[PDB]
Amino acid sequence: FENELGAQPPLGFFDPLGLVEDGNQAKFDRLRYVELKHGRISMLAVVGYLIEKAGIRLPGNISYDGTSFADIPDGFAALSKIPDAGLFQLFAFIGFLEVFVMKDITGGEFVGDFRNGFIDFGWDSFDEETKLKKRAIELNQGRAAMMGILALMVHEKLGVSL
Amino acid sequence: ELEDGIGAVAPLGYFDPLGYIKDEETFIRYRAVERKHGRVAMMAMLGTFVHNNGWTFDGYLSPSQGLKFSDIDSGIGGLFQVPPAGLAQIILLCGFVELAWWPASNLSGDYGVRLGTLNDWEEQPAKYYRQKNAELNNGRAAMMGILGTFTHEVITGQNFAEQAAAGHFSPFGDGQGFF
Amino acid sequence: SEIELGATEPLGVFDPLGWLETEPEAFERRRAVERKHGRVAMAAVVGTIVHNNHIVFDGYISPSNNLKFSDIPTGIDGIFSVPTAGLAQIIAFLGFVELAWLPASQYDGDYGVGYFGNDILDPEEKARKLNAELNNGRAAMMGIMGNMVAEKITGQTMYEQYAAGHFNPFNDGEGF
Amino acid sequence: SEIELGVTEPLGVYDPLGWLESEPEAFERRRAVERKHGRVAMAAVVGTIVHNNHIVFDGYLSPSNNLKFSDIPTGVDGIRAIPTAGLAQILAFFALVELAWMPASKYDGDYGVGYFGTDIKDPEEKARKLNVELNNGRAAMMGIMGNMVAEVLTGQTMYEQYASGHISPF
Amino acid sequence: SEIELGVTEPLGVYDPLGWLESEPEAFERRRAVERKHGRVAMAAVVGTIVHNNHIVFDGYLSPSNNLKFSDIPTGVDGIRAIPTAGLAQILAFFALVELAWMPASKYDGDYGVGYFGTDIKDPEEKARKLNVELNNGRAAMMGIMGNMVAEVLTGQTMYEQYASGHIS
Ligand code: CLA
Ligand code: CLA
Ligand SMILES: CC(=O)O[C@H]1CC(C)(C)C(=C=C/C(C)=C/C=C/C(C)=C/C=C/C=C(C)/C=C/C=C(\C)C(=O)C[C@@]23O[C@]2(C)C[C@@H](O)CC3(C)C)[C@](C)(O)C1
Ligand SMILES: CC(=O)O[C@H]1CC(C)(C)C(=C=C/C(C)=C/C=C/C(C)=C/C=C/C=C(C)/C=C/C=C(\C)C(=O)C[C@@]23O[C@]2(C)C[C@@H](O)CC3(C)C)[C@](C)(O)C1
Ligand SMILES: CC(=O)O[C@H]1CC(C)(C)C(=C=C/C(C)=C/C=C/C(C)=C/C=C/C=C(C)/C=C/C=C(\C)C(=O)C[C@@]23O[C@]2(C)C[C@@H](O)CC3(C)C)[C@](C)(O)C1
Ligand code: KC1
Ligand code: KC1
């Protein structure tokens, strides 16, 4: 596991702990799957935190109930003031994504390739050099975003300005 | 039947420990009795389960004697609570089954009672051996249970609802027997 | 056979620790443990619905102790509120069932009784209900565990919690 | 088959008119009448059980006529105390049953239903239950006829003959 | 096969559009729609019977919105009395039925459950009762398509259509 997507000009195949010092491909492609699973969530979570800290909201009225978007606080307190009828809808639809439409249904050519032949914004117009660094970008962009988003939440509960 | 091994179930096998089967013709007589006694004593055990639970019919068993269903004892004396004009009806119907409909002279015990898809013995013969052994085994356990139910009322004087209300499940320290 | 059942459509043969390729000699006992843990949890999940719906029998489970059946709590403390002479009668009978009647050293789980008595005549209608026992058994393992940890964390039983409407863990008083 | 279906144990081929050999082809018609007279009379016996046991439908059978389910009698006068618009609904719906649905021309008896949905696969068990329907059908023809002669000579229903103590005619 | 399975004696094939060999390979889906539309209409018409017989569930549908089970109307607007988390729970669960467990894409109509659990071995036993699943589905399809035009044109629901003398 010397030369693939995590191998890296500052730190090539870091691996400090006792994870993959064997030839088990199935151990690696499970761990590679979750690393971009955590990265793709945390990339939207860095942006999803900093639009709430900047105070940007949807144009109002999250419910017919008389609660607007600006009434809902930012950070961990957003979870407590979202109406519970709508907080089921967030967990049910993300569950609807994570069960049904988020998958290697048809078989991609790598791990995390969830194009089932349904949606594709190109991926043919690359020169086979640019494909594997452009998903080495989103591995490392997803790498820094999950240490980014973990910093935003350890310091919200601490109260430290960032 | 001996060759299928109908009564011989897996804890004890061919449990004839005192040596009573000395040929094949006296097994068919004994199995005809054991299966018949087991069928009677199974309905006798479901009786004592229902009687001692207080589940009675509503109304009068004998309105000309004024005897309600509620004032029949749930114990060993409850059958003879019943007027003899009434249980002559029980003996005459049960005697008519024993001679005409399910003739107890039939030593095979088959009377054609088939409840079809719950016993499709022709396509699952293992279900035949399961239901044939369980008719004997539930009949043997209920034969000893009704001998249990009978003598527990005799030696204590209380029926099963009364000796379970008192917690009287030990023949030691009570005023009954020499123990 | 047995090594391909337990593997249904959304994941296939699912073993992230890889003990099928690594230790195949331990699989048929581990299937027997999975099937037994399933069948125990299925009666355990069904029991929690029946207890918390206040379906009780009547009278006293222990008249010496003056302890009714409705005096039993409907949560985790219910089997431990039963007196010790009563719990010893359960475990002695359940050990009679798990060693003599349905001996759990028999690892194919097959004890003479079929599916409602019948042997499944088809081989893959048999494999479909063999997978449905495993999948409902695996779902009930998470169901009884998800009912035990969520009682001891929220402090209330399943009737108590549902009466109170304590369903949202984000706007109550809890951790996070 | 079919001709060996009314022969159980005691009297066998019991026939004191010789209509065995008198007309052998007019049997498949007469057995179909025997099976339909049995199925009618069997449901009529159990009907007189449940009527005289005072199991009622908890309502009004014709609120325009102002009679409710618990005031028409549980005896012979039951379908005399039914309005003719309701009696026209009974004979028009079973007109759809007796010819359009499972008919009476179909002398096989064998419509599509079988015994509780399913076929009996043993022929000896199937021929056993076929005698049972005939036997219980034949006993209920005597049974339901002896139930309504016994109430038109008495003047009381089944329920009042029993609750009175008026059982034995002597 | 799947071609014979819907024909009975008083109409036979009965194809006034003639769509049997005019587009014949679109059968295999539009039987699967008729079986689907059948099964959802007979489950909705035996539900309309039990709604108007007042068999309701003893309790509260939503205590947060103060909705008893007797609060809901027993008619066409009874589906609208469901709250917003109520029918979010309906299509979240039945998305796991219609795609995953009982995939409505599967045009066989055969999801391994049989008729009360058994697979009907006799081929004209089971050809008979798939004629029944279609025929009772067809008669239920204008069963409550004639019930909802029977409420929206007189206003009342079935329980007060019958407790009025308003049948004829
Ligand atoms: C109705 C009474 C009755 C009869 C006629 C039989 C007959 C038979 N049993 Mg069964 N059995 C019975 C009741 C009966 N059993 C009961 C109640 C139990 C539970 C304890 C059993 C448990 C049992 C097992 C596990 C097996 C049999 C087997 C047999 C067959 C072997 C021969 C034999 O041992 O005869 C028994 C001898 C006699 C009946 C004559 C002696 C009569 C005695 C002296 C009367 C005194 C009894 C006493 C008053 C009360 C006894 C109970 C007491 C200990 C508390 C034979 C067909 C075997 C078999 O079927 O193999 C294929 C077998 O494996 N029996
Ligand atoms: C009315 C319906 C009806 C019909 C159409 C049949 C037809 C048949 N029966 Mg069945 N049977 C019936 C009812 C019927 N039975 C009843 C109620 C009983 C007594 C419980 C029997 C007892 C019986 C036995 C034991 C046997 C048959 C047999 C037969 C078959 C041979 C021909 C025969 O002897 O018929 C009889 C002739 C007729 C029914 C035509 C009408 C004759 C008169 C007019 C009837 C009226 C007499 C009297 C007024 C009735 C009063 C009854 C009561 C109030 C006293 C034939 C298919 C045999 C069979 O099944 O062979 C395989 C056979 O062994 N029958
Ligand atoms: C604390 C305390 O005291 O306890 C409290 C706790 C709590 C939780 C608050 C309570 C509550 C409220 C609750 C839980 C309410 C839940 C209600 C529930 C469970 C409502 C089901 C709806 C589904 C429907 C209508 C299906 C339509 C289905 C249709 C139209 C179909 O066609 C289905 C289908 O399958 C067929 C039939 C045919 C197929 O061809 C096609 C498909 C596959 C699609 C109580 C009662 O207050 C008690
Ligand atoms: C005007 C009014 O008010 O209406 C009145 C009408 C009327 C009539 C006055 C009323 C009454 C009183 C009634 C009807 C009372 C009777 C009730 C009933 C139902 C009585 C069944 C007893 C059978 C028993 C105990 C069986 C023993 C059977 C035994 C011990 C066996 O082993 C049977 C057997 O099969 C097996 C198991 C094994 C086989 O190998 C062989 C045999 C055959 C041996 C009412 C209620 O007051 C209301
Ligand atoms: C004259 C002649 O030649 O005829 C020929 C010509 C012709 C016409 C071309 C041909 C055709 C095709 C036909 C007839 C097609 C018609 C198909 C049809 C009629 C299909 C019904 C769908 C209904 C469903 C799915 C159920 C909805 C209702 C549901 C799901 C409910 O929940 C019920 C509800 O009450 C509750 C329980 C709860 C509420 O919250 C919701 C509501 C209120 C709704 C034929 C066959 O060749 C015959
Ligand atoms: C062989 C026949 C038999 C007798 C004669 C008998 C009698 C008593 N049972 Mg037992 N019992 C079984 C069989 C028998 N029990 C079986 C097959 C099971 C299923 C596993 C079972 C389960 C429990 C549980 C959970 C409890 C229990 C009790 C009592 C106690 C009530 C009086 C009292 O306690 O005042 C009396 C003596 C309670 C208890 O022991 O309380 C300290 C209690 O909690 N039983
Ligand atoms: C499903 C469609 C349907 C409707 C909509 C409907 C309506 C009425 N029926 Mg009902 N009916 C059936 C079906 C339907 N009926 C069926 C399948 C049967 C079994 C064959 C049947 C049997 C009887 C009997 C015995 C009686 C009866 C009555 C009424 C009357 C009540 C109010 C009134 O009194 O006008 C209204 C109009 C009574 C009657 O006609 O009283 C004059 C009466 O005695 N019906």
Side-chain angles (χ1 to χ4, degrees), chain C residues 52-54 156-167, chain D residues 59-67 69 72 79 81-97, chain E residues 6 11 13-19 30 32-52 57-64 67-69 72-83 85-87 89-91 93-98 101-104 109 111 137-148 151-152 157-158 161-168:
Chain C
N52 292 299
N53 270 106
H54 300 324
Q156 308 158 287
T157 81
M158 288 318 123
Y159 178 73
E160 302 227 321
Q161 168 160 39
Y162 277 47
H166 186 200
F167 295 105
Chain D
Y60 267 87
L61 133 119
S62 165
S64 79
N65 286 264
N66 297 311
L67 80 165
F69 275 108
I72 64 170
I79 65 174
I82 283 177
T84 185
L87 241 171
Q89 293 172 54
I90 291 174
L91 306 242
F93 163 71
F94 288 99
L96 190 74
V97 180
Chain E
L11 300 118
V13 290
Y14 197 71
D15 253 6
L17 306 178
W19 285 0
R30 104 215 341 274
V33 171
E34 183 195 40
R35 185 178 272 110
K36 188 65 145 179
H37 266 90
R39 283 160 178 184
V40 302
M42 43 202 308
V45 67
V46 75
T48 313
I49 286 172
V50 301
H51 284 150
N52 293 298
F57 276 139
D58 193 13
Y60 275 78
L61 170 73
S62 295
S64 67
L67 267 178
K68 287 175 54 149
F69 279 102
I72 298 136
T74 69
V76 293
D77 308 26
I79 204 54
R80 305 204 286 150
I82 318 292
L87 3 97
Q89 281 163 11
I90 296 191
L91 91 167
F93 169 71
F94 284 109
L96 198 50
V97 185
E98 288 273 94
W101 296 343
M102 309 277 258
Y111 310 109
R138 282 156 189 169
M141 269 184 267
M142 282 81 58
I144 55 166
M145 226 64 228
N147 203 40
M148 55 214 280
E151 289 177 10
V152 303
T157 186
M158 259 167 88
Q161 271 155 23
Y162 276 70
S164 50
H166 212 267
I167 296 301
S168 293

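Both counts, for ligands and for their atoms, begin at 1 and track the order of listing. Per chain, numbering begins at 1; letters A, B, ... match sequence-line order. Only this structure's heavy atoms are used, side chains among them; waters, hydrogens and symmetry mates stay out.
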Handout entry: By side chain to side chain contact (heavy atoms under 4.5 Å, CB included) - contacts of D:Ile72 (at least two apart)
Key = D:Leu67, D:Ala81, D:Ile82
Handout entry: Sub-4.0 Å heavy-atom contact, C:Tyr159 with ligand 3
Key = yes
Fill in the blank from the handout: atom 34 (O) of ligand 7 has as its nearest protein heavy atom D:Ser62 OG, 3.0 Å
Practice task
Would you please determine whether D:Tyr60 falls within less than 4.0 Å of ligand 7 on a heavy-atom basis?
Solution key: no
Practice task
Indicate yes or no for a side-chain donor-acceptor contact from D:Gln89 to the backbone of D:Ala85 under 3.5 Å, with no hydrogens or angles considered.
Solution key: yes
Problem - Shortest non-hydrogen contact between E:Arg35 and E:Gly109, atoms and distance - result: CD-CA, 4.0 Å
Handout entry: E:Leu17, CG: over 12 other non-hydrogen atoms inside 6.0 angstrom
Key = yes
Practice task
To the nearest 0.5 angstrom, please state how far the CD atom of E:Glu151 sits from the CD atom of E:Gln161.
Solution key: 6.0 Å
Exercise for the section: Give a yes or no on whether atom 18 (C) of ligand 7 lies under 4.0 Å from any heavy atom of the protein. Expected result: no
Problem - Residue part near ligand 3, for E:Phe57, under 4.0 Å between non-hydrogen atoms - result: neither
Handout entry: Partner set under ring pair (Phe, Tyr, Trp, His ring centres under 6.0 Å) for E:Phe69, not counting sequence neighbours
Key = E:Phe57
Exercise for the section: Please round to the nearest 0.5 Å and tell me the distance separating atom CD1 of E:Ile144 and atom OG1 of E:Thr48. Expected result: 4.0 Å
Exercise for the section: Taking only heavy atoms of E:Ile167 into account, list the atoms of ligand 7 that are under 4.0 Å away from them. Expected result: 5 (C)
Exercise for the section: Number the atoms of ligand 7 from 1 as they appear, then name those within less than 4.0 Å of a heavy atom of E:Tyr162, with their elements. Expected result: 5 (C)
Completion exercise
Between E:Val76 and E:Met148, the two heavy atoms sitting closest are CG1-CB, 3.8 Å
Handout entry: Identity and separation of the nearest protein heavy atom to atom 38 (C) of ligand 7
Key = D:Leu61 O, 3.3 Å
Handout entry: Interfacing atoms of ligand 7 (cut-off 4.0 Å, heavy-atom, D:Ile90)
Key = 20 (C), 25 (C)
Problem - Protein heavy atom under 4.0 Å of atom 2 (C) of ligand 7 - result: no
Exercise for the section: May I ask you to list the atoms of ligand 7 that are less than 4.0 angstrom from any heavy atom of D:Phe93? Expected result: 20 (C)
Handout entry: E:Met158 CE to E:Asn52 CG distance, which is reported to the nearest 0.5 Å
Key = 4.5 Å
Problem - Taking atom 32 (C) of ligand 7 as the reference point, the nearest protein heavy atom with its distance - result: D:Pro63 CD, 3.8 Å
Exercise for the section: Identify the two heavy atoms, one from E:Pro83 and one from E:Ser62, that lie closest to each other, and give their separation to 0.1 Å. Expected result: CG-OG, 3.3 Å
Problem - Atoms of protein origin (N, O or S) under 2.8 Å from atom 10 (Mg) of ligand 7 - result: D:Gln89 OE1
Problem - Smallest separation among heavy atoms of C:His166 and C:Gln161, with atom names - result: O-NE2, 2.7 Å
Completion exercise
Here the gap from C:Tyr162 atom OH to C:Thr157 atom OG1, rounded to the nearest 0.5 Å, amounts to 10.5 Å
Practice task
With heavy atoms of D:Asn65 as the reference, note each atom of ligand 7 found under 4.0 Å away.
Solution key: 42 (C)
Sub-3.5 Å pairs, protein N or O with ligand 5 N or O:
from     : atom 1 : to      : atom 2 : distance (Å)
ligand 5 : 3 (O)  : E:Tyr14 : OH     : 2.8
ligand 5 : 40 (O) : E:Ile79 : N      : 2.8

Practice task
Over all heavy atoms of both residues, which pair between E:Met141 and E:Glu34 is shortest? Give the atoms and the distance, please.
Solution key: CE-O, 3.7 Å
Practice task
Determine whether more than 12 heavy atoms belonging to other residues, nucleotides or ligands lie under 6.0 Å from atom CZ of C:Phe167.
Solution key: yes
Completion exercise
ligand 3 to C:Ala163, heavy atom cutoff 4.0 Å, flagged ligand atoms 1 (C), 2 (C), 3 (O), 4 (O)
Handout entry: Value rounded to 0.5 Å, distance of CG in E:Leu96 from CE in E:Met102
Key = 11.5 Å
Exercise for the section: Specify side chain, backbone, both or neither for C:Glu160, according to which of its non-hydrogen atoms lie closer than 4.0 Å to ligand 3. Expected result: neither
Problem - Non-hydrogen protein atom less than 4.0 angstrom from atom 6 (C) of ligand 7 - result: yes
Completion exercise
Scanning both residues in full, the closest heavy-atom pair of E:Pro103 with E:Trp101 reads CD-O, 3.3 Å
Exercise for the section: Look only at interatomic distance and state if C:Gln161 has a nitrogen or oxygen under 3.5 Å from any nitrogen or oxygen of ligand 3. Expected result: no
Practice task
Give the atoms of ligand 3, by number and element, whose distance to some non-hydrogen atom of E:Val97 is under 4.0 Å.
Solution key: 43 (C)
Exercise for the section: Measure the spacing between OG1 of D:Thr84 and CD1 of D:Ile90 and express it to the nearest 0.5 Å. Expected result: 10.5 Å
Exercise for the section: Please check if a non-hydrogen protein atom sits closer than 4.0 Å to atom 36 (C) of ligand 7. Expected result: no
Completion exercise
ligand 7 atoms nearer than 4.0 angstrom to some heavy atom of D:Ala85 are 40 (O), 42 (C)
